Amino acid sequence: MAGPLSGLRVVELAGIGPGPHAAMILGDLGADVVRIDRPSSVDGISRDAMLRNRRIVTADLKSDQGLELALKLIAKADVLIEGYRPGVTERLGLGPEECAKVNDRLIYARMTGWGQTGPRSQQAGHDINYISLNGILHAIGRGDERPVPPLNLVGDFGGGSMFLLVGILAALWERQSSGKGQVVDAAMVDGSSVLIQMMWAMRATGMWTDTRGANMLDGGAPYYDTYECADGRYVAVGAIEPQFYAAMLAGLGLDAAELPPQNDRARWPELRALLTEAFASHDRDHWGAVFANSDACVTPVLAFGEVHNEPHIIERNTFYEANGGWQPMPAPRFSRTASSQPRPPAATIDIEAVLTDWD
């Protein structure tokens, strides 16, 4: 199996959102990932590209046979991933303490939103809930409107699966001294809070306020925002540094002497009005040309369906084609032990066949 995690063995108790995303990435980087789903489920080969780089197996974990086979897989593996509510694996007989009895090398990775304990620890939730409690959601969107969810990128993935991954891999490094596994407790409410550490840093030094839409990086700054062009499509401007901002102004045709200072916040309304009228005067693809190879920090805001036509995307093979759609190639990239193209979802395998393989 190609990639730096060749030889790493992972058991994933099938759930939704962060658990499978983390499992995907371990698979992507060469891990041997076996996913146990319920029989009531799997009516064919999966159509869900997120289940790439998997072997799927079926097993009623409520039955004693189910549990036994499961504990035999875990015995032969380096990592377990579960993202059920706290208590669920315990009650199945697949809890950490049970796992520690058949494999004290196990990295026992627990993916939740609220964490393992505390008042919300049994409440159902999704991304939007976890980021609502720690200040993140409130910071996202225009100042004249209610907050807008940043899809499920910040709680589920950035602050969720990715922290689970770092935990697993950090724990494997620990396991190199100690010869012992341990439990990784990844909660979206915690990981997302470390994800936004910069805002907490800036808040402390007076460089970030709680007012939505009134900061340097939330859309409040005219030089860090999107602009509507003549065709109704958009560009993004990120020209924070003064030298990049000056480069942007020259490409737009605006003389710096006729504008308010870049960082005179009291005159941001005027500045925005000027930049707005300028970008509105030509179409997105015009601005893409003007600013290609410039440091002006102006880029076209492409829709998903146009991404496959962008030269920089094509040339670095950020994406590959698979069963009626582009999908992203593994990230990040490795010079010597490169990942390979992901293996698509495969039909279910037998749990005995797998135990054989793992010897």
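Numbering starts at 1 and runs along the sequence shown.
Among other deposited entries of this protein with both flanking residues present, none omit coordinates for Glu306; it is modelled throughout, well short of a third. Among the other PDB entries of this protein that were compared and that flank it with modelled residues, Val42 is left unmodelled in a third or more. Remark: stretch with higher mean C-alpha B factor among 283 to 291 and 240 to 248 is 283 to 291. When 343 to 351 is weighed against 6 to 14, 343 to 351 comes out higher, by mean CA B-factor as recorded in the entry. Which of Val298, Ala322, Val307, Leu26 has the largest Cα B-factor in the deposited entry comes down to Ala322. For the set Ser161, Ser178, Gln182, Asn152, the maximum C-alpha B-factor listed in the entry falls on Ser178.
Ranked within its chain, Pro96 lands in the highest third, by CA B factor from the PDB record. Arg52: CA B factor in the middle third of modelled residues in this chain (values from the PDB entry). The PDB entry assigns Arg333 a C-alpha temperature factor belonging to the middle third of its chain's modelled residues. In this PDB entry, the Cα temperature factor of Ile314 sits in the middle third of its chain's modelled residues. Sorting the modelled residues of the chain by their CA temperature factor places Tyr84 in the middle third.
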